[PDB]
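What's in input.tsv: TSV, C-alpha atoms and all ligand atoms
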chain	number	residue	atom	x	y	z
A	33	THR	CA	86.55	-14.93	-147.57
A	34	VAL	CA	84.24	-11.89	-147.69
A	35	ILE	CA	82.27	-10.57	-150.67
A	36	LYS	CA	80.55	-7.19	-150.69
A	37	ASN	CA	78.37	-5.06	-152.91
A	38	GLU	CA	79.82	-1.85	-154.40
A	39	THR	CA	78.06	0.29	-151.77
A	40	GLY	CA	79.30	-1.55	-148.69
A	41	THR	CA	75.78	-2.05	-147.27
A	42	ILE	CA	75.80	-5.83	-147.90
A	43	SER	CA	78.47	-8.43	-147.21
A	44	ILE	CA	78.60	-12.21	-147.11
A	45	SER	CA	81.42	-14.02	-145.29
A	47	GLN	CA	82.22	-17.72	-144.97
A	48	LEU	CA	81.97	-19.50	-141.60
A	49	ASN	CA	83.03	-22.79	-143.15
A	50	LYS	CA	82.49	-24.93	-146.25
A	51	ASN	CA	78.72	-24.50	-146.73
A	52	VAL	CA	77.81	-21.87	-144.12
A	53	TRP	CA	78.15	-18.11	-144.70
A	54	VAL	CA	76.96	-15.14	-142.68
A	55	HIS	CA	75.22	-12.31	-144.52
A	56	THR	CA	75.13	-8.79	-143.11
A	57	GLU	CA	73.17	-5.75	-144.29
A	58	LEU	CA	73.31	-2.19	-142.99
A	59	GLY	CA	70.07	-0.39	-142.20
A	66	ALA	CA	73.63	2.54	-139.98
A	67	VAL	CA	72.70	-0.64	-138.11
A	68	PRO	CA	74.13	-4.02	-139.22
A	69	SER	CA	71.93	-7.13	-139.18
A	70	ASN	CA	73.01	-10.79	-139.48
A	71	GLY	CA	71.52	-13.84	-141.14
A	72	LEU	CA	72.83	-17.09	-142.64
A	73	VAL	CA	73.30	-18.33	-146.18
A	74	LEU	CA	73.44	-22.11	-146.49
A	75	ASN	CA	74.89	-23.58	-149.64
A	76	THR	CA	73.24	-26.96	-150.25
A	77	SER	CA	73.23	-29.48	-153.10
A	78	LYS	CA	69.70	-28.32	-153.84
A	79	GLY	CA	69.70	-24.54	-153.66
A	80	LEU	CA	70.51	-21.75	-151.23
A	81	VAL	CA	68.71	-21.54	-147.89
A	82	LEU	CA	68.74	-18.31	-145.91
A	83	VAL	CA	68.08	-17.59	-142.27
A	84	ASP	CA	66.29	-14.21	-142.22
A	85	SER	CA	65.98	-11.67	-145.03
A	86	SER	CA	66.93	-8.01	-144.84
A	87	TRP	CA	65.59	-4.65	-143.69
A	88	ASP	CA	63.47	-4.09	-146.80
A	89	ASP	CA	62.69	-5.30	-150.32
A	90	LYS	CA	65.53	-3.47	-152.09
A	91	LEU	CA	68.24	-4.80	-149.76
A	92	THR	CA	66.63	-8.27	-149.74
A	93	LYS	CA	66.41	-8.50	-153.55
A	94	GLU	CA	69.98	-7.27	-153.73
A	95	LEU	CA	71.16	-9.87	-151.18
A	96	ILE	CA	69.33	-12.63	-153.05
A	97	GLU	CA	70.87	-11.47	-156.33
A	98	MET	CA	74.40	-11.62	-154.95
A	99	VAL	CA	74.20	-15.10	-153.47
A	100	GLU	CA	72.44	-16.52	-156.52
A	102	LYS	CA	75.11	-15.03	-158.77
A	103	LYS	CA	77.97	-16.31	-156.64
A	104	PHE	CA	76.67	-19.85	-156.08
A	105	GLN	CA	74.81	-20.04	-159.42
A	106	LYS	CA	71.75	-21.47	-157.63
A	107	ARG	CA	68.31	-20.26	-156.59
A	109	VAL	CA	67.30	-19.33	-153.05
A	110	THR	CA	64.57	-21.88	-152.30
A	111	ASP	CA	63.82	-21.24	-148.62
A	112	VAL	CA	64.23	-18.62	-145.95
A	113	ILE	CA	63.73	-18.94	-142.22
A	114	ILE	CA	62.12	-15.90	-140.58
A	115	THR	CA	63.28	-15.72	-136.94
A	116	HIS	CA	60.76	-13.05	-135.90
A	117	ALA	CA	58.41	-10.32	-137.16
A	118	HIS	CA	60.74	-7.31	-137.22
A	119	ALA	CA	61.99	-5.42	-140.29
A	120	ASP	CA	65.57	-6.72	-140.02
A	121	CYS	CA	64.23	-10.30	-140.37
A	122	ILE	CA	61.01	-10.14	-142.40
A	123	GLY	CA	61.61	-6.81	-144.18
A	124	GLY	CA	61.70	-8.34	-147.64
A	125	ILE	CA	58.92	-10.92	-147.44
A	126	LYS	CA	57.30	-9.40	-150.52
A	127	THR	CA	60.52	-9.98	-152.44
A	128	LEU	CA	60.66	-13.60	-151.28
A	129	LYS	CA	57.10	-14.40	-152.29
A	130	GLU	CA	57.34	-13.08	-155.85
A	131	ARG	CA	60.51	-15.08	-156.46
A	133	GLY	CA	58.81	-18.25	-155.31
A	134	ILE	CA	60.96	-18.43	-152.20
A	135	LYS	CA	59.38	-20.27	-149.28
A	136	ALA	CA	59.30	-18.16	-146.13
A	137	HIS	CA	59.17	-20.52	-143.16
A	138	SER	CA	57.92	-19.15	-139.87
A	139	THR	CA	55.96	-20.22	-136.79
A	140	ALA	CA	52.20	-19.48	-136.82
A	141	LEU	CA	52.77	-16.75	-134.23
A	142	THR	CA	55.40	-14.98	-136.39
A	143	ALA	CA	52.98	-15.17	-139.31
A	144	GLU	CA	50.14	-13.37	-137.52
A	145	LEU	CA	52.47	-10.80	-135.99
A	146	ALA	CA	53.80	-10.06	-139.49
A	147	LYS	CA	50.31	-9.40	-140.82
A	148	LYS	CA	49.75	-7.32	-137.70
A	149	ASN	CA	52.77	-5.17	-138.70
A	150	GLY	CA	51.59	-4.75	-142.29
A	167	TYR	CA	53.94	-7.33	-143.82
A	168	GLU	CA	52.83	-10.05	-146.24
A	169	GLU	CA	52.42	-13.31	-144.33
A	170	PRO	CA	55.03	-16.07	-144.07
A	171	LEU	CA	54.05	-19.77	-144.12
A	172	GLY	CA	53.48	-20.23	-140.38
A	173	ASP	CA	54.61	-23.84	-140.76
A	174	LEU	CA	57.31	-24.17	-138.07
A	175	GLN	CA	56.34	-25.83	-134.81
A	176	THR	CA	58.10	-25.48	-131.45
A	177	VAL	CA	60.78	-27.93	-132.67
A	178	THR	CA	61.15	-28.41	-136.42
A	179	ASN	CA	63.84	-30.25	-138.40
A	180	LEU	CA	64.38	-29.34	-142.03
A	181	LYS	CA	66.89	-30.97	-144.32
A	182	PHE	CA	67.89	-29.33	-147.59
A	183	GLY	CA	69.97	-31.71	-149.63
A	184	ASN	CA	72.62	-32.78	-147.16
A	185	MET	CA	72.25	-29.70	-144.91
A	186	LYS	CA	70.42	-30.33	-141.63
A	187	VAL	CA	68.61	-27.47	-139.94
A	188	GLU	CA	66.59	-27.35	-136.73
A	189	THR	CA	64.45	-24.45	-135.55
A	190	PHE	CA	63.52	-24.05	-131.92
A	191	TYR	CA	61.06	-21.79	-130.12
A	192	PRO	CA	62.67	-21.17	-126.70
A	193	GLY	CA	59.87	-18.93	-125.47
A	194	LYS	CA	59.31	-15.17	-125.38
A	195	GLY	CA	62.28	-12.84	-125.15
A	196	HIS	CA	63.38	-10.18	-127.60
A	197	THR	CA	59.88	-10.56	-129.11
A	198	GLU	CA	56.96	-12.87	-128.35
A	199	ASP	CA	57.68	-15.08	-131.39
A	200	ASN	CA	61.49	-15.27	-131.60
A	201	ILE	CA	63.07	-18.63	-132.52
A	202	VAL	CA	66.67	-19.83	-132.81
A	203	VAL	CA	68.24	-21.92	-135.56
A	204	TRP	CA	70.57	-24.83	-134.93
A	205	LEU	CA	72.88	-26.57	-137.40
A	209	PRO	CA	73.67	-29.98	-135.78
A	210	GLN	CA	76.45	-30.88	-138.26
A	211	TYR	CA	78.46	-27.78	-137.30
A	215	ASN	CA	76.86	-27.06	-133.92
A	216	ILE	CA	76.23	-23.50	-135.01
A	217	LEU	CA	73.45	-21.64	-133.22
A	218	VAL	CA	71.76	-18.64	-134.81
A	219	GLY	CA	70.47	-17.04	-131.64
A	220	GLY	CA	69.32	-14.08	-133.64
A	221	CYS	CA	68.09	-11.11	-131.71
A	222	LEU	CA	67.57	-13.15	-128.54
A	223	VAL	CA	71.37	-12.98	-128.22
A	224	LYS	CA	73.40	-9.78	-128.01
A	225	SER	CA	76.99	-9.46	-129.26
A	226	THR	CA	80.06	-9.15	-127.04
A	227	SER	CA	80.43	-5.34	-127.09
A	228	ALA	CA	76.66	-4.69	-126.87
A	229	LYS	CA	75.54	-3.02	-123.63
A	230	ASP	CA	71.96	-2.40	-124.78
A	231	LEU	CA	69.18	-4.97	-125.15
A	232	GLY	CA	67.70	-2.94	-128.00
A	233	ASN	CA	63.97	-2.49	-128.63
A	234	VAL	CA	62.15	-3.89	-125.62
A	235	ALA	CA	58.85	-2.16	-126.40
A	236	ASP	CA	57.77	-5.52	-127.85
A	237	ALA	CA	60.01	-7.60	-125.58
A	238	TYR	CA	59.32	-9.83	-122.60
A	239	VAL	CA	62.35	-8.88	-120.53
A	240	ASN	CA	61.41	-10.99	-117.54
A	241	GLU	CA	60.83	-14.16	-119.57
A	242	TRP	CA	63.82	-13.53	-121.83
A	243	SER	CA	66.22	-15.13	-119.29
A	244	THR	CA	64.20	-18.33	-118.99
A	245	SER	CA	64.09	-18.55	-122.78
A	246	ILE	CA	67.88	-18.35	-123.03
A	247	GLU	CA	68.12	-21.01	-120.32
A	248	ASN	CA	65.95	-23.32	-122.46
A	249	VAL	CA	68.38	-22.85	-125.35
A	250	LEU	CA	71.29	-23.63	-123.00
A	251	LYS	CA	69.62	-26.77	-121.61
A	252	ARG	CA	68.63	-27.94	-125.09
A	253	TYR	CA	72.04	-27.58	-126.75
A	254	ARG	CA	74.84	-28.71	-124.46
A	255	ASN	CA	77.76	-28.56	-126.90
A	256	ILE	CA	77.60	-25.26	-128.72
A	257	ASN	CA	80.51	-24.16	-130.88
A	258	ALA	CA	79.68	-20.92	-132.68
A	259	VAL	CA	76.65	-18.72	-132.06
A	260	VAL	CA	75.56	-15.95	-134.42
A	261	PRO	CA	73.96	-12.90	-132.81
A	262	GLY	CA	71.32	-10.87	-134.66
A	263	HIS	CA	73.68	-7.92	-134.72
A	264	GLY	CA	77.41	-8.10	-134.27
A	265	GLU	CA	80.08	-10.68	-134.85
A	277	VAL	CA	79.96	-14.43	-134.43
A	278	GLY	CA	80.94	-15.67	-130.98
A	279	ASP	CA	80.33	-18.65	-128.71
A	280	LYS	CA	78.04	-19.70	-125.88
A	281	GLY	CA	79.66	-16.87	-123.90
A	282	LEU	CA	77.34	-14.56	-125.86
A	283	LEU	CA	74.30	-16.19	-124.25
A	284	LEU	CA	75.82	-15.82	-120.76
A	285	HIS	CA	76.66	-12.21	-121.68
A	286	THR	CA	73.03	-11.59	-122.63
A	287	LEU	CA	71.72	-13.17	-119.44
A	288	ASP	CA	74.07	-10.81	-117.64
A	289	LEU	CA	72.60	-7.79	-119.41
A	290	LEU	CA	69.13	-9.06	-118.47
A	291	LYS	CA	69.89	-9.27	-114.76
B	301	ZN	ZN	63.85	-7.65	-133.60
How would this structure read if it were set down as structure tokens?
Amino acid sequence: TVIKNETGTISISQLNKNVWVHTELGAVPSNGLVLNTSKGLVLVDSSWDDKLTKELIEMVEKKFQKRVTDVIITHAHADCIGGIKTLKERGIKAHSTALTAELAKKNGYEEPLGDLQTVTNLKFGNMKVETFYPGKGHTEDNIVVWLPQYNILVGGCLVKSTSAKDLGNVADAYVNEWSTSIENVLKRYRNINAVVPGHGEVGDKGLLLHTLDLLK
């Protein structure tokens, strides 16, 4: 099941019952998650900017007939925190680590909550979510999201997709530490099913090994 906007720059597809993957084109595609809970919609990352972000929010609210209550910002880059202004004026809580919050202000973005610690467990209705800071990699502040009831890992931009041969923007990256950070994710979650990369299609733990390979 896949739903798109008239333009084709925004799509939302179902992973399973309450988990969907949203993708926006900026033409570079960017992934995020949409969690349908008994108490509102929770998103993992926003979109490139405020127009795409408002538009994404509008679609999911229309489809599920619920409000987006929270959003998890994985790092301080446009494809993740691009629509923080949109989120704040709609009363949407933008969760982020303290580091991500200061880096956002540093990049001229409105500041997220800065409430997430190294390991944080959030539960929205019946939907369990865990955020984990593995260390520096793609950016200094990048975190991953884990859904223990489905064993789905949102590696975000710390993980590259299967056909990706480029690590992307490393001007802000910590290439050398990146590998150790992926290892921490691997040691922390032993039984991973699906992993969502920041760009590209959903895969498995093989995506993390693939990324470590690119990093060698
Ligand atoms: Zn990034």
Exercise. Please, what distance in Å, to one decimal, runs between atom CA of residue A:224 and atom CA of residue A:205?
Worked result: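 These two atoms are separated by 19.2 Å.
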Exercise. What lies within 9 Å of residue A:83 using all atoms listed in the file, ignoring chain neighbours under 4 positions off, as a list in words?
Worked result: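 With the cut-off at 9 Å, the set is residues 70, 71, 72, 73, 74, 111, 112, 113, 114, 115, 121, 203 and 218 of chain A.
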For this session: Would you list the residues near (53.1, -20.8, -145.9), meaning any protein, DNA or RNA residue with an atom at most 12 Å from that point in file coordinates, counting all atoms listed in the file, as a count of residues only?
Result: 25
For this session: Name the residues, by chain letter and number, that sit within 7 Å of ligand ZN 301 (chain B) using all atoms listed in the file, and give them as a PyMOL selection string.
Result: chain A and resi 116+118+120+196-197+221
Find the residues of stretch 49-116 of chain A that sit at most 10 Å from stretch 35-39 of chain A; for each, write down the nearest two atoms and how far apart they are in Å, to one decimal. Count all atoms listed in the file. Sort by chain, then by number going up, and give it as CSV.
residue,atom,partner,partner_atom,distance
A:55,CA,A:35,CA,9.5
A:56,CA,A:36,CA,9.5
A:57,CA,A:36,CA,9.9
A:94,CA,A:37,CA,8.7
A:95,CA,A:37,CA,8.8
A:98,CA,A:37,CA,7.9
A:99,CA,A:35,CA,9.7
A:103,CA,A:35,CA,9.3
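With all atoms listed in the file as the basis for measurement, A:186 is the residue among A:186, A:102, A:252, A:147 that approaches residue A:52 most closely.
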For this session: Tell me, in Å to one decimal, how far atom CA of residue A:141 is from atom CA of residue A:284.
Result: 26.7 Å
Exercise. From the list A:97, A:236, A:104, A:178, which residue is nearest residue A:145 when using only C-alpha atoms?
Worked result: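 Smallest distance to residue A:145 is found for A:236.
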For this session: Select, from A:110, A:227, A:75, A:127, the residue with the minimum atom-to-atom distance to residue A:90, counting only C-alpha atoms.
Result: A:127
For this session: Find the residues near residue A:291: any atom within 10 Å, counting all atoms listed in the file, skip ones fewer than 2 places away on the same chain, and give them as a VMD selection string.
Result: chain A and resid 239 to 240 243 286 to 289
Could you write out the selected residues, including C-alpha atoms, as a CSV table (one decimal), keeping the file's coordinate frame?
chain,number,residue,atom,x,y,z
A,239,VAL,CA,62.4,-8.9,-120.5
A,240,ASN,CA,61.4,-11.0,-117.5
A,243,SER,CA,66.2,-15.1,-119.3
A,286,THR,CA,73.0,-11.6,-122.6
A,287,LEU,CA,71.7,-13.2,-119.4
A,288,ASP,CA,74.1,-10.8,-117.6
A,289,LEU,CA,72.6,-7.8,-119.4
Seminar exercise, completed: The distance between atom CA of residue A:187 and atom CA of residue A:290 is 28.3 Å
Problem set entry | Residue nearest residue A:211 among A:77, A:33, A:149, A:257 (counting only C-alpha atoms) |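 The closest residue to residue A:211 is A:257.
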Exercise. Which of these, A:244, A:285, A:263, A:146, has the shortest distance to residue A:58 once you count only C-alpha atoms?
Worked result: A:263
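Comparing A:123, A:255, A:117, A:246 by their smallest distance to residue A:148, the closest is A:117 (using all atoms listed in the file).
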Find the residues around residue A:91 up to 8 Å (all atoms listed in the file counted), leave out those fewer than 5 positions away in its own chain, and share them as a PDB file with C-alpha atoms, keeping the file's coordinate frame.
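Written out: part.pdb:
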ATOM      1  CA  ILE A  42      75.800  -5.830-147.900  1.00  0.00           C
ATOM      2  CA  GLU A  57      73.170  -5.750-144.290  1.00  0.00           C
ATOM      3  CA  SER A  86      66.930  -8.010-144.840  1.00  0.00           C
ATOM      4  CA  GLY A 124      61.700  -8.340-147.640  1.00  0.00           C
TER       5      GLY A 124
END
Exercise. So which residues fall inside 8 Å of (76.2, -7.5, -134.3) if we count all atoms listed in the file? Mind giving them as JSON, numbers by chain?
Worked result: {"A": [68, 69, 70, 224, 225, 228, 261, 262, 263, 264, 265, 277]}
Return the padded bounding box of stretch 182-201 of chain A as AutoDock Vina command-line options: axis-aligned, built from all atoms listed in the file, 5 Å added on each side, with centre and edge lengths in Å to one decimal.
--center_x 64.8 --center_y -21.5 --center_z -137.4 --size_x 25.7 --size_y 32.6 --size_z 34.5
